[PDB]
Amino acid sequence: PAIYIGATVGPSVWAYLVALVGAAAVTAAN
């Protein structure tokens, strides 16, 4: 269901999506 079966976020996997999106945000900037 979609009521309270997702009250989490993920601290680790989060820092991973941040470091990755960072390198791409620094390579697209001329």
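- This entry, as listed in the PDB, derives from solution NMR.

**Looking at the overall build of the chain**
Logical step 1: Per the secondary structure count, the chain includes one helix and zero strands.
Logical step 2: Across its three principal axes, the chain shows a C-alpha extent of roughly 45 × 15 × 10 Å.
Logical step 3: Out of the 30 residues in the chain, the part that is buried amounts to 0%.

**Some points on a nonpolar patch on the surface**
Logical step 1: Judged by side-chain polarity, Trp-14, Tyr-16, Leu-17, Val-18, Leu-20 and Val-21 come together as a nonpolar surface patch covering roughly 650 Å² of accessible area.
Logical step 2: Tracing the sequence through the fold places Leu-20 in helix α1 (residues 11-27).

**Looking at α1**
Logical step 1: Given a rise of 1.5 Å per residue, 17 residues ought to cover 24 Å, and the 25 Å separating the end C-alpha atoms of α1 matches this to within 8%.
Logical step 2: Counting buried residues along α1, only zero of its 17 residues qualify, which leaves the element largely exposed.

**What to know about the environment of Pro-11**
Logical step 1: Topologically, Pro-11 is positioned in helix α1.
Logical step 2: In this structure the C-alpha to C-alpha distance between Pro-11 and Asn-30, which are 19 residues apart in sequence, comes to 31 Å.

About the criteria used
Residues numbered from 1 in each chain as written, not as in the entry; some residues may be left out. Heavy atoms only, no water. Helix = DSSP H or I, 4+ residues; strand = E, 2+ residues; numbered from the N terminus. Buried < 20%, exposed > 50% of the residue type's maximum accessible area, 1.4 Å probe, protein only. Patch = residues over 30% accessible without salt bridge, like charges linked within 9 Å, V, L, I, M, F, W, Y side chains within 5 Å. Areas by Shrake-Rupley, 256 points an atom, 1.4 Å probe, with all protein chains shown as cover. Salt bridge = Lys/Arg side-chain N within 4 Å of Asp/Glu carboxyl O. Expected span 1.5 Å × (residues − 1).

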